[PDB]
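Student: The structure is given below, and queries will be raised subsequently.
Please note: Cβ atoms are built from the backbone with ideal geometry, for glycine as well, and neighbour counts cover all protein chains shown. Derivation of every value follows stated rules applied to the coordinates shown; laboratory data play no part.
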Amino acid sequence: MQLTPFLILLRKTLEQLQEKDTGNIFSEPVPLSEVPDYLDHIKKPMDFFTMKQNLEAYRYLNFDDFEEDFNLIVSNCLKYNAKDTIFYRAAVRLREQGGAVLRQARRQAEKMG
Ligand SMILES: COc1cc2c(cc1NS(=O)(=O)c1ccc(Br)cc1C)n(C)c(=O)n2C
C-alpha cells in the first residue's frame, strides 16, 4: 500500500457501487456452470470482484477506465437477459443508482491533479 487519493477514491466508489447491488447479483462473475451459453453472447464479462482485482493491480489509471468497467457490468446484463427478468430489472436499477454514485465520484477525481 502506497496509498494515493485517486486509488482511495476508486476503492470508496467501488464500495458504494456494491452497496447499490443489494442482491449481490453483480458481486462475482456470471457462473458458466449455470449459464453455459453466456460467452457465446458476452465478449467481455465483468463483475465487482474482477473490478476489485483490477483496482489492486493499479490497472485503473483514470476515472473513465473504471467507469467503463462498471458500464460493462450493466450493459452485459441488459444484452444477455430478457427484459422480463430479475437480472435485467436489477441492471436497470444499478444503472440509475450507480450513475448517481459515479457522477459524485467524478467531481472528486476532477479536483485531483
Ligand atoms: C448471481 O448469479 C448470477 C448472476 C447473473 C446471472 C446468473 C447468475 N447465477 S444463476 O445460478 O444463473 C441464477 C439463476 C437464477 C436466479 Br433467480 C438467480 C441466480 C443467481 N446472469 C445470467 C446474469 O446476467 N447475472 C448478473
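Student: How high is the relative contact order of the chain, in percent, counting Cα pairs under 8 Å that sit 6 or more residues apart? Before the final figure, lay out each step's value.
Tutor: Values: 92 pairs, mean separation 36.0, N = 113.
Relative contact order of the chain: 32 percent.
Student: Continuing with the same structure: With r defined as the distance between the Cβ atoms of residue 1 and residue 64 and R0 fixed at 35 Å, what FRET efficiency is calculated, to the nearest 0.05? Display every interim value, and only then the final one.
Tutor: Working: r = 24 Å, r/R0 = 0.69.
My answer for the efficiency is 0.90.
Student: Related question: So what's the back-of-envelope 222 nm ellipticity for the chain, counting only DSSP H runs of four-plus at -39500 (n - 2.57) apiece and dividing by all residues, rounded to 500? The partial results should precede the final answer.
Tutor: Details: 5 runs with 71 residues, N = 113.
The per-residue figure over the chain is -20500 deg cm²/dmol.
Student: Once you treat every alpha carbon in the chain as an equal point and sum by Debye, what is log10 I(q)/I(0) at q = 0.13, 0.16, 0.22 Å⁻¹?
Tutor: -0.49, -0.73, -1.26
Student: Only Cα pairs within less than 10 Å get springs; with that Gaussian network setup on the chain, which residue of 94, 17, 78 has the largest fluctuation?
Tutor: Evaluated over the chain, the most mobile residue of the options is 78.
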